[PDB]
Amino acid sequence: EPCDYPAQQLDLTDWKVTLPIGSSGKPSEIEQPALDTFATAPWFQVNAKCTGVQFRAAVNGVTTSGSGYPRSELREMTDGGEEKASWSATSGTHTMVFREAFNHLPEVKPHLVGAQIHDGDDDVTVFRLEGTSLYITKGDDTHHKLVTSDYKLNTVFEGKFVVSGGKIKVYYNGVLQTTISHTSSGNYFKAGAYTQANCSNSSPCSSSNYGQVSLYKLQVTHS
């Protein structure tokens, strides 16, 4: 159209989306083929400028069980988006190239995750913004590698994860930021707005207190 559905801005065929709305402790998820014509403002919609996808998750958003952090985020799928993606870090070459911008941060604890590699146990490495400091994490180390302490909101950057030979190479605007040793399988990509704050550590407890990310390009390949 291509301004009516996020699926018109990015190829969401091999993805599903998890939202910050839903019943108590049960974040709603939308899978293909319904995802092809799905939108829910302001959490998951084409942005006003019709150039990308807006992902927003407020601190009072619905979270698993009721405890945890809210998100409006894509989860990698495969086979026409029919099943969950799961790949090896020691076999094959797995790449995700994305272009995004962090647009808004929650109050008090201005932390927001915009892309990640996750496995069967937890997050492996993610692009995490804290204020104006953008980091590439490593497991529980939220400050593994500082990309820049001068990240300006709404600035589009290109991130890339390349996994092969038991190593994860992470790039920011074409420059290698860090290489992380990782040999477990069951990995998958994610991209969107995963707000690292809830009503227990951020006030006010309102939908107007949120993290937001805009995704302009999203490409995943496996060989």
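Heads up: residue numbers just count along the shown sequence, starting at 1.
In this crystal structure, the stretch out of 78-86 and 143-151 whose C-alpha atoms carry the higher mean B factor is 78-86. For the pair 21-29 and 211-219, the record assigns the higher mean C-alpha temperature factor to 21-29. Residues shown: 165, 42, 192, 159. Highest C-alpha temperature factor in the entry: 165. Which of 54, 187, 183, 196 has the largest Cα B-factor in the deposited entry comes down to 183. Placement of the Cα temperature factor of residue 114 within the chain: lowest third of the modelled residues, per the deposited record. Placement of the Cα temperature factor of residue 10 within the chain: middle third of the modelled residues, per the deposited record. Sort the chain's modelled residues by C-alpha temperature factor and residue 34 lands in the lowest third, per the entry. Per-chain ranking of the deposited C-alpha B factor places residue 59 in the middle third.
When the modelled residues of the chain are ordered by C-alpha B-factor, residue 108 sits in the highest third.
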